[PDB]
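Take a look at this single chain, the form deposited in one PDB entry, given in structure tokens.
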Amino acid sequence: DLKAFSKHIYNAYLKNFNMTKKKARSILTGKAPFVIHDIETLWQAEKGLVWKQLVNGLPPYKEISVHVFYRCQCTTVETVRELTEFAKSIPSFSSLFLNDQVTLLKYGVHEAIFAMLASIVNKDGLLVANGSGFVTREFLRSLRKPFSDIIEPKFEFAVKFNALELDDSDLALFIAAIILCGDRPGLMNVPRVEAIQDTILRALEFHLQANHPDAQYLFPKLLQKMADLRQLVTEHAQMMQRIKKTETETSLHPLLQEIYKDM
């Protein structure tokens, strides 16, 4: 029964995401992306590197540390869009009141984004523009503060999370468990959410058995990663709040602006 449930969430993930850990992990290994590590290479990428969201559709250019930020902002907004469509793809989720759905997405989306970030990450950098390019970690560290400080706790996490060696069928269930969380403030029908969450967590355990049989303590380890993700997002909202006051000239997307609102 839970085999059918797991299959459905996997089909909802594959049907909804531009990049599987499978596709990403091949690109970062072999059988090539254009490495962005300085101003010259960013300009080079800006010129002839296939971005889904074009440069003309970005906020008015200000500076380098800000342009990088705006490009990142776009993908976060598009991942919020994939995740909403993935959440709706679960028929149990798309049954709750539209505001209860918005509550789960408002608080769960950033947790999910960071868990999925580990798929396109390695110790030295991350994939960009559907794997067309590869941005270096040192380049991002070389940007001005506060911008150089944003992506660092994400990388620390991503590396640790990648050690668990999860596949796309594990992530579909992991993300589902992240979205459908009863601990979200402003939830109306908490028993119904808590209900669905239980089904997912049951499904996640029995799938981790069939997919990772020799894996010691995987399920409680992922339950801890879920908690760690909650902290990383608390830390993240806090940073973007500082960026909102300090960087008055940088434009924060209202959707993300609303996510960090009462966090």
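In this text, rigid core is short for the largest set of C-alphas that superpose within 1.5 Å between two forms. Counting begins at 1, following the sequence as shown.
In what follows, reference is made to the form deposited in another entry, a form of this protein that is not presented.
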Revision key, fill the gap. After rigid core alignment between the shown form and the other one, the listed option with CA shift of 2 Å or more out of 223, 237, 195, 55 is 55
Review point. Closer or farther: how do the CA atoms of residue 56 and residue 144 lie in that other deposited form, compared with the form shown, if the change is at least 3 Å?
Key: closer
Review point. How does the CA gap of residue 45 and residue 56 change in that other deposited form versus this form, closer or farther, if it moves 3 angstroms or more?
Key: closer
